[PDB]
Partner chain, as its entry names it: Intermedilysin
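In structure tokens, one chain follows: the form deposited without the partner chain.
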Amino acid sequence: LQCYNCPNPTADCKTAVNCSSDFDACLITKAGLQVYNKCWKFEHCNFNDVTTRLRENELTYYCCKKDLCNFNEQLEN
């Protein structure tokens, strides 16, 4: 999956790059402050496998399966 991967927790990442290996679900987390951007698994995209790996909790991780679907446009209802 090709998604944007930033070196820091910014709220406007625009660097498109292929996702590392062992990654089939793009992840777009938003802890009301920083829009995390990283390649995540579809099995680890639950309400415990992400808030634990990042060592956080209050956040809305949204996994996707489209070349670049973790952008900042899928968490504003």
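Positions refer to the first chain, counted from 1.
Below, we refer to the form solved in complex with the partner chain, which is not included among the displayed structures.
Residue contact with the partner chain in the deposited complex: residue 19 places no heavy atom within 4.5 Å of it.
At least one heavy atom of residue 14 is located within 4.5 Å of the partner chain in the deposited complex. In the deposited complex, 71, 72, 73 are the residues of 44 to 77 with at least one heavy atom within 4.5 Å of the partner chain, listed from first to last.
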